[PDB]
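Heads up, target.cif below (mmCIF, C-alpha atoms):
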data_query
#
loop_
_atom_site.label_atom_id
_atom_site.label_comp_id
_atom_site.auth_asym_id
_atom_site.auth_seq_id
_atom_site.Cartn_x
_atom_site.Cartn_y
_atom_site.Cartn_z
CA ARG A 1 0.00 0.00 0.00
CA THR A 2 2.33 2.82 -1.31
CA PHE A 3 -0.73 4.84 -2.46
CA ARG A 4 -2.44 4.77 0.90
CA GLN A 5 0.87 5.71 2.54
CA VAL A 6 1.42 8.51 0.09
CA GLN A 7 -2.20 9.90 0.19
CA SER A 8 -1.99 9.78 3.98
CA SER A 9 1.31 11.70 3.98
CA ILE A 10 -0.10 14.36 1.62
CA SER A 11 -3.07 14.68 4.07
CA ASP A 12 -0.69 15.14 6.99
CA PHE A 13 1.13 17.85 5.13
CA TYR A 14 -2.01 19.88 4.45
CA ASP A 15 -3.03 20.69 8.04
CA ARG B 1 -12.23 12.70 -35.66
CA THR B 2 -13.99 14.70 -32.83
CA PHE B 3 -10.65 15.01 -30.95
CA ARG B 4 -8.77 16.49 -33.87
CA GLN B 5 -11.68 18.88 -34.46
CA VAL B 6 -11.77 19.83 -30.82
CA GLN B 7 -7.94 20.21 -30.36
CA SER B 8 -7.92 22.32 -33.53
CA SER B 9 -10.72 24.55 -32.22
CA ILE B 10 -8.94 25.03 -28.87
CA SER B 11 -5.80 26.03 -30.91
CA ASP B 12 -7.83 28.56 -32.88
CA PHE B 13 -9.15 30.06 -29.70
CA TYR B 14 -5.70 30.61 -28.20
CA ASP B 15 -4.29 33.07 -30.77
CA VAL C 38 -14.59 36.11 -35.32
CA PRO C 39 -18.07 34.98 -36.55
CA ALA C 40 -20.73 33.90 -34.01
CA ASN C 41 -20.91 30.26 -35.11
CA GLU C 42 -17.16 29.82 -34.71
CA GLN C 43 -17.26 31.61 -31.42
CA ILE C 44 -19.69 28.78 -30.45
CA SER C 45 -17.61 25.92 -31.87
CA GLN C 46 -14.56 27.21 -30.06
CA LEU C 47 -16.25 27.76 -26.68
CA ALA C 48 -18.06 24.42 -26.94
CA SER C 49 -14.74 22.77 -27.66
CA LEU C 50 -13.33 24.26 -24.45
CA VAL C 51 -16.36 23.18 -22.53
CA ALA C 52 -16.34 19.65 -23.94
CA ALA C 53 -12.55 19.22 -23.35
CA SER C 54 -12.90 20.40 -19.73
CA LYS C 55 -15.60 17.83 -19.12
CA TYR C 56 -13.45 15.23 -20.83
CA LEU C 57 -10.68 16.27 -18.39
CA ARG C 58 -12.97 15.99 -15.41
CA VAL C 59 -14.32 12.63 -16.24
CA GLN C 60 -11.97 10.76 -18.58
CA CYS C 61 -8.72 12.19 -17.06
CA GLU C 62 -10.02 12.29 -13.52
CA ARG C 63 -9.46 15.96 -13.03
CA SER C 64 -11.34 15.88 -9.78
CA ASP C 65 -10.22 19.40 -9.16
CA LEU C 66 -12.47 20.77 -11.95
CA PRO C 67 -16.05 21.98 -11.23
CA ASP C 68 -19.55 21.18 -12.49
CA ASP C 69 -20.82 21.73 -16.09
CA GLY C 70 -22.59 24.92 -15.21
CA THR C 71 -19.46 26.63 -13.85
CA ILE C 72 -17.67 25.37 -16.90
CA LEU C 73 -20.31 27.04 -19.12
CA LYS C 74 -20.17 30.24 -17.03
CA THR C 75 -16.41 30.44 -17.65
CA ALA C 76 -16.78 30.09 -21.36
CA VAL C 77 -19.39 32.80 -21.37
CA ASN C 78 -17.19 35.05 -19.20
CA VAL C 79 -14.39 34.39 -21.62
CA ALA C 80 -16.42 35.45 -24.65
CA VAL C 81 -17.36 38.65 -22.73
CA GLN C 82 -13.67 39.32 -22.01
CA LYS C 83 -13.46 39.36 -25.81
CA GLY C 84 -16.54 41.60 -26.18
CA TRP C 85 -18.63 38.85 -27.80
CA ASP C 86 -22.41 38.74 -27.98
CA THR C 87 -23.33 35.84 -25.75
CA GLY C 88 -27.00 36.37 -26.46
CA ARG C 89 -26.38 34.21 -29.52
CA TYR C 90 -25.16 31.20 -27.42
CA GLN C 91 -28.44 29.25 -27.41
CA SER C 92 -26.94 26.11 -28.94
CA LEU C 93 -23.75 26.25 -26.85
CA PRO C 94 -24.75 23.86 -23.99
CA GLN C 95 -26.01 21.23 -26.40
CA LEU C 96 -23.08 21.45 -28.83
CA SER C 97 -20.69 21.15 -25.87
CA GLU C 98 -22.44 17.99 -24.70
CA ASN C 99 -22.49 16.68 -28.32
CA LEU C 100 -18.71 17.28 -28.72
CA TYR C 101 -18.09 15.56 -25.34
CA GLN C 102 -19.91 12.41 -26.50
CA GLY C 103 -18.00 12.58 -29.80
CA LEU C 104 -14.75 12.56 -27.84
CA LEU C 105 -15.79 9.44 -25.95
CA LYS C 106 -16.28 7.48 -29.09
CA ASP C 107 -13.44 9.14 -30.98
CA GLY C 108 -11.00 6.16 -30.70
CA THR C 109 -7.94 8.33 -29.98
CA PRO C 110 -6.86 6.82 -26.72
CA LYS C 111 -7.57 8.47 -23.49
CA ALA C 112 -3.87 8.71 -22.51
CA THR C 113 -3.37 10.76 -25.64
CA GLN C 114 -6.46 12.97 -25.39
CA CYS C 115 -5.60 13.70 -21.73
CA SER C 116 -1.93 14.65 -22.51
CA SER C 117 -3.21 16.95 -25.18
CA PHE C 118 -5.97 18.63 -23.14
CA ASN C 119 -4.03 18.86 -19.91
CA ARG C 120 -1.49 20.98 -21.74
CA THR C 121 -3.71 23.14 -24.04
CA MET C 122 -6.48 23.89 -21.54
CA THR C 123 -4.42 25.58 -18.85
CA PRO C 124 -5.54 29.25 -19.43
CA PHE C 125 -9.25 28.18 -19.45
CA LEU C 126 -8.85 26.18 -16.30
CA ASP C 127 -7.11 29.12 -14.63
CA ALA C 128 -10.19 31.18 -15.75
CA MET C 129 -12.46 28.70 -13.96
CA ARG C 130 -10.65 29.37 -10.72
CA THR C 131 -12.47 32.71 -10.07
CA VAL C 132 -16.09 31.75 -10.95
CA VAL D 38 7.36 18.32 12.80
CA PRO D 39 10.42 15.97 12.94
CA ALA D 40 12.95 15.98 10.06
CA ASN D 41 12.27 12.42 8.89
CA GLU D 42 8.54 13.10 8.57
CA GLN D 43 9.25 16.37 6.87
CA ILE D 44 11.08 14.14 4.31
CA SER D 45 8.34 11.51 4.00
CA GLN D 46 5.77 14.22 3.45
CA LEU D 47 7.76 16.21 0.87
CA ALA D 48 8.79 13.01 -0.93
CA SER D 49 5.15 12.00 -1.05
CA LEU D 50 4.31 15.31 -2.74
CA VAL D 51 7.16 14.89 -5.14
CA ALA D 52 6.29 11.28 -5.98
CA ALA D 53 2.55 12.09 -6.45
CA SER D 54 3.39 15.00 -8.78
CA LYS D 55 5.51 12.72 -10.92
CA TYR D 56 2.73 10.14 -10.84
CA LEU D 57 0.43 12.95 -12.07
CA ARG D 58 2.80 13.92 -14.83
CA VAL D 59 3.33 10.48 -16.14
CA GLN D 60 0.48 8.18 -15.12
CA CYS D 61 -2.27 10.87 -15.34
CA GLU D 62 -0.75 12.68 -18.27
CA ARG D 63 -0.47 16.00 -16.57
CA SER D 64 1.57 17.37 -19.41
CA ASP D 65 1.27 20.76 -17.85
CA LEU D 66 3.57 19.79 -14.94
CA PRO D 67 7.37 20.39 -15.08
CA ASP D 68 10.52 18.28 -14.74
CA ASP D 69 11.63 16.41 -11.55
CA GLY D 70 14.10 19.07 -10.59
CA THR D 71 11.52 21.88 -10.53
CA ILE D 72 9.29 19.53 -8.61
CA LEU D 73 12.08 19.03 -6.03
CA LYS D 74 12.77 22.80 -5.92
CA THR D 75 9.10 23.41 -5.04
CA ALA D 76 9.14 20.96 -2.22
CA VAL D 77 12.26 22.55 -0.85
CA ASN D 78 10.75 26.03 -1.21
CA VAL D 79 7.72 24.75 0.59
CA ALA D 80 9.72 23.43 3.54
CA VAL D 81 11.45 26.86 3.71
CA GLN D 82 8.05 28.60 3.75
CA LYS D 83 7.60 26.53 6.91
CA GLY D 84 11.06 27.43 8.27
CA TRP D 85 12.39 23.88 7.90
CA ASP D 86 16.04 22.88 7.73
CA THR D 87 16.46 21.63 4.19
CA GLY D 88 20.10 20.87 4.83
CA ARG D 89 18.82 17.55 6.17
CA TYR D 90 17.13 16.61 2.82
CA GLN D 91 19.91 14.35 1.49
CA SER D 92 17.67 11.31 1.07
CA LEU D 93 14.73 13.29 -0.36
CA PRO D 94 15.38 12.80 -4.13
CA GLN D 95 15.89 9.07 -3.72
CA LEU D 96 12.91 8.49 -1.40
CA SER D 97 10.72 10.44 -3.84
CA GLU D 98 11.83 8.21 -6.71
CA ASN D 99 11.35 5.12 -4.48
CA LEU D 100 7.76 6.18 -3.55
CA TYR D 101 7.02 6.86 -7.26
CA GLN D 102 8.04 3.30 -8.22
CA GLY D 103 5.99 1.98 -5.28
CA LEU D 104 2.96 3.77 -6.67
CA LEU D 105 3.43 2.13 -10.07
CA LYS D 106 3.27 -1.31 -8.63
CA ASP D 107 0.72 -0.45 -5.95
CA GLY D 108 -2.27 -2.13 -7.70
CA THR D 109 -4.74 0.66 -6.86
CA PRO D 110 -5.89 1.54 -10.31
CA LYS D 111 -4.63 4.52 -12.08
CA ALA D 112 -8.11 6.07 -12.50
CA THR D 113 -8.37 6.03 -8.74
CA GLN D 114 -4.87 7.27 -7.90
CA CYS D 115 -5.30 10.10 -10.43
CA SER D 116 -8.73 11.21 -9.01
CA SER D 117 -7.17 11.25 -5.60
CA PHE D 118 -3.98 13.16 -6.51
CA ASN D 119 -5.60 15.58 -8.90
CA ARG D 120 -7.74 16.78 -6.02
CA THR D 121 -5.27 16.71 -3.06
CA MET D 122 -2.24 18.13 -4.88
CA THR D 123 -3.70 21.45 -6.00
CA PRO D 124 -1.86 23.79 -3.52
CA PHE D 125 1.52 22.13 -4.36
CA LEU D 126 0.91 22.42 -8.05
CA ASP D 127 -0.04 26.07 -7.64
CA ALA D 128 3.33 26.41 -5.77
CA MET D 129 5.14 24.96 -8.79
CA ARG D 130 3.73 27.72 -10.95
CA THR D 131 6.27 30.36 -9.72
CA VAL D 132 9.53 28.31 -9.78
#
Written as structure tokens, that's how I'd like the structure from this file.
Amino acid sequence: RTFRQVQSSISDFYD
Amino acid sequence: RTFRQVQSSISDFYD
Amino acid sequence: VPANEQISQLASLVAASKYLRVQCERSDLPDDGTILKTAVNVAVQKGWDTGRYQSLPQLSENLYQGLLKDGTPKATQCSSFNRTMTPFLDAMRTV
Amino acid sequence: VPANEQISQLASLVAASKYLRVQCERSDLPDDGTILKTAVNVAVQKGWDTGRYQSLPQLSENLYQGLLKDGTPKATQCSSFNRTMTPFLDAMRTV
């Protein structure tokens, strides 16, 4: 699950 | 050829 | 810049933007009405008579369906539109 | 916001932008170096120490290859990234 990892990380960033 | 028609028209527009 | 070509052109921009939204998954692009609004705003920026744009919505939707059965692959249509559509899509950002 | 997570996050933005460029045919997006520049600019906007970003380029490229063999379809990854990436891609516009 690279995508889930990556989409999660992007989410983190945009807080 | 809708695409060619459409890409052409877009080209026209942006002059 | 004759009215009927004004309409072909604008409808092409509308149809390609919908193509982007749906075929290329440009989930950042808005609904068909905002897309039509932009095109109209854009013709006004050019001082064009938008009172003649009766057929525009329908031609747009007709060009969109033409694109879906055009047989040029989607990867290709998307590379093309993603690049040429940028000023229009910037326009959409303020509506 | 610890350095290693700063790197995961930025590399995720870099990898997703490359994914956009190539898998989603975002032909409007620039080269990998400008993409890296943006991420670095973005960490600076946050007052982050970019002197610790040695691994960033490689992790980015490693996350990109992970995405290509991730098995989530492309239609899905593209809908997701096209929507979440918008502020980053706006950032790229000035570099």
Residue B:10: which residues within 9 Å, counting only C-alpha atoms, same-chain residues fewer than 6 positions away excluded, as a PyMOL selection string? chain C and resi 46-47+49-50+53+121-122
With C-alpha atoms retained, export the selected residues as a PDB file, in the coordinates of the input.
ATOM      1  CA  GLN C  46     -14.560  27.210 -30.060  1.00  0.00           C
ATOM      2  CA  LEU C  47     -16.250  27.760 -26.680  1.00  0.00           C
ATOM      3  CA  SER C  49     -14.740  22.770 -27.660  1.00  0.00           C
ATOM      4  CA  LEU C  50     -13.330  24.260 -24.450  1.00  0.00           C
ATOM      5  CA  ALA C  53     -12.550  19.220 -23.350  1.00  0.00           C
ATOM      6  CA  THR C 121      -3.710  23.140 -24.040  1.00  0.00           C
ATOM      7  CA  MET C 122      -6.480  23.890 -21.540  1.00  0.00           C
TER       8      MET C 122
END
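Once the PyMOL selection byres ((chain C) within 6 of (chain D)) is applied to the depicted file, the selected set reads residues 62, 63, 64, 65, 116, 119 and 120 of chain C.
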Using C-alpha atoms, can you write the selected residues to a file as a PDB file, in the frame of the given file?
ATOM      1  CA  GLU C  62     -10.020  12.290 -13.520  1.00  0.00           C
ATOM      2  CA  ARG C  63      -9.460  15.960 -13.030  1.00  0.00           C
ATOM      3  CA  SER C  64     -11.340  15.880  -9.780  1.00  0.00           C
ATOM      4  CA  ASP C  65     -10.220  19.400  -9.160  1.00  0.00           C
ATOM      5  CA  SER C 116      -1.930  14.650 -22.510  1.00  0.00           C
ATOM      6  CA  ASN C 119      -4.030  18.860 -19.910  1.00  0.00           C
ATOM      7  CA  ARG C 120      -1.490  20.980 -21.740  1.00  0.00           C
TER       8      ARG C 120
END
Determine which residues of chain A sit within 8 Å of chain D, taking into account all atoms listed in the file, and present them as a PyMOL selection string. chain A and resi 1-3+6-7+9-13
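You will find atom CA of residue C:72 at 6.8 Å from atom CA of residue C:129.
Summary of the local environment: counting all atoms listed in the file, residues at most 12 Å from residue D:88, other than itself and those fewer than 6 positions away along its chain, are residues 40, 43, 44, 77, 80 and 81 of chain D.
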Report the distance between atom CA of residue D:86 and atom CA of residue D:98 in Å, rounded to one decimal place. 21.0 Å
Can you list, as a tab-separated table (two decimals) with C-alpha atoms, in the frame of the given file, every protein, DNA or RNA residue that comes within 10 Å of residue D:70 when you count all atoms listed in the file, leaving out same-chain residues fewer than 5 positions away?
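The resulting file, selection13.tsv, is shown below:
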chain	number	residue	atom	x	y	z
D	51	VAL	CA	7.16	14.89	-5.14
D	75	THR	CA	9.10	23.41	-5.04
D	76	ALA	CA	9.14	20.96	-2.22
D	94	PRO	CA	15.38	12.80	-4.13
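For the pair atom CA of residue C:85 and atom CA of residue C:55, the separation is 22.9 Å.
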